[PDB]
């Protein structure tokens, strides 16, 4: 989707800096992260049912650019986008698919880092 929205409030916070410089950075370096770097390409991957099932696509490249563009008002909003990305993967793919295991390992790290996020100040 959009990396900026003229009608949506956005700002800088120390927590959003943490999302950018700790959470995004830590997940990007993981070997399981590459399926999430860019929007799902239903044509290249021949997934003619992907956009029939997933209505609100999300990916880590979009989250990263949103952080750089001050799209978010709060860290919780950026966390919600991470959640949309992982939840889409669980909703669409087969329960036994490799990508589901990849999503699970990344989401565990996501939640661990969120648990350590500095208090908003």
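Residue numbers count along the first chain shown, from 1. C-alpha atoms forming the largest set that superposes within 1.5 Å between two forms make up the rigid core.
Between 40-48 and 56-64, the larger root mean square Cα shift in 8 other deposited structures of this protein, once each structure is superposed on the rigid core, falls on 40-48. The question of which stretch, 59-67 or 37-45, has the higher mean Cα B factor is settled in favour of 37-45. Stretch comparison (13-21 versus 107-115) by mean CA B-factor in the PDB entry places 13-21 on top. For residue 93, the recorded CA temperature factor ranks within the lowest third of the chain's modelled residues. Residue 52: CA B factor in the highest third of modelled residues in this chain (values from the PDB entry).
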